[PDB]
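# Fold and geometry: a report
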Amino acid sequence: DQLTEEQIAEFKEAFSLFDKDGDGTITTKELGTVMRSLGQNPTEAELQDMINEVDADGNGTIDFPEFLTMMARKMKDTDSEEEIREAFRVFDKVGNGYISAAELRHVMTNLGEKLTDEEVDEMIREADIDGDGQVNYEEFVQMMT
Amino acid sequence: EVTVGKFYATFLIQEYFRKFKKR
Ligand SMILES: [Ca+2]
Ligand SMILES: [Ca+2]
Ligand SMILES: [Ca+2]
């Protein structure tokens, strides 16, 4: 149940990735912007429903206390290994057991907003242990641990 | 579960960035 200042600050960094205008709320527009950048394309109705899963007070946006409630609960309720397994399935779009190096580079470039090309190159090179141009599940586990 | 997992996955990528910067 314990939540350190550092853990809260890390969850705030996740919040601000979506709240790109820094107004303290995540809107359907901001959510859609991130999801589309990663190759998803939800309808406006789907985006509203997604906001509604997190929006505890029903005003149509996610504020940080709502975001933190949801993220701390997910961390508490999920074993660290399942958290990583789930994330791998998120980024393995085809479901073929691999994330291509190009796909991972795109995810990192969009989610690490200040990263340079050289930085993402090092990360990819380190991630793809066997050098086959894919990141498999065992390699993804090595990344996250 | 799907919505929560998508938010959590982006936090986990940011956690990787922190871990990588430490290594
Ligand atoms: Ca905002
Ligand atoms: Ca709200
Ligand atoms: Ca590989």
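For the structure itself, look to the data block above.
Below, the discussion takes up the packing of helix α4 (residues 64-77) of chain A against helix α1 (residues 2-22) of chain B. Running from N to C, α4(A) and α1(B) cross one another at 85°; their axes reach a closest spacing of 10 Å. It follows that α4(A) is roughly perpendicular to α1(B) by the angle criterion. Counted together, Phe67(A), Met70(A), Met71(A), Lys74(A) and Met75(A) of α4(A) and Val4(B), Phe7(B), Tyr8(B) and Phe11(B) of α1(B) form the full contact between these two elements. For the contact of α4(A) with α1(B), the residue count by class is eight nonpolar, no polar and one charged.

The next thing to look at is the interface of chain B and chain A. Tallying the contact residues gives 19 residues for chain B and 36 residues for chain A. When the two sides are added together, the surface that chain B and chain A hide from each other amounts to roughly 2500 Å², 78% of it contributed by carbon and sulfur. Of all residues in chain B, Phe7(B), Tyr8(B) and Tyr16(B) give up the largest surface area on contact with chain A, accounting jointly for 27% of the area buried on that side. In this assembly, chain B and chain A are joined by one salt bridge. By residue class, the composition of the side of chain B that touches chain A is 10 nonpolar, four polar and five charged.

Okay, helix α6 (residues 101-111) of chain A next. Because an α-helix packs 3.6 residues into every turn, residues spaced three or four apart end up facing the same way. Along α6(A), the positions that sit buried rather than exposed are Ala101(A), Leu104(A), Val107(A), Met108(A) and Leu111(A). Relative to the axis of α6(A), the buried residues are bounded by an arc of 125° and lie together on one face.

So, on to the coordination of the calcium ion (ligand 3). Geometry reference: four tetrahedral donors at a metal, ideal angle 109.5 degrees. Six octahedral donors, ideal angles 90 or 180 degrees. Residues and elements named next belong to chain A. Within the protein, the atoms that donate to the calcium ion (ligand 3) are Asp-128 (OD), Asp-130 (OD), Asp-132 (OD), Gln-134 (O), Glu-139 (OE) and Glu-139 (OE), at distances of 2.3 to 2.5 Å. Around the calcium ion (ligand 3) sit six donor atoms, and with donor-metal-donor angles ranging over 52 to 154° the site reads as irregular. A residue is classified by how much of its surface remains accessible, and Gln-134, at 28% relative accessible area, is partly exposed.

About the criteria used
Residues numbered from 1 in each chain as written, not as in the entry; some residues may be left out. Chains lettered and ligands numbered in written order. Heavy atoms only, no water. Residues with missing side-chain atoms left out of burial classes, pairs and counts. Axes fitted to C-alpha atoms, helices over the stretch in contact; angles between N-to-C directions. Helix = DSSP H or I, 4+ residues; strand = E, 2+ residues; numbered from the N terminus. Parallel < 35°, antiparallel > 145°, perpendicular 65-115°, else oblique. Contact = heavy atoms within 4.5 Å. Nonpolar A, V, L, I, M, F, W, Y, C, P; charged D, E, K, R; others polar. Buried area = accessible area lost by both parts, 1.4 Å probe. Salt bridge = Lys/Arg side-chain N within 4 Å of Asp/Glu carboxyl O. Buried < 20%, exposed > 50% of the residue type's maximum accessible area, 1.4 Å probe, protein only. Arc of directions from axis to C-beta. Donors = N, O, S within 2.8 Å, 3.2 Å for Na, K, Ca; no water. Tetrahedral: all angles 85-135°; square planar, octahedral: opposite > 155°, others 65-115°.

Remember, this is a structural readout, not a statement about activity or role.
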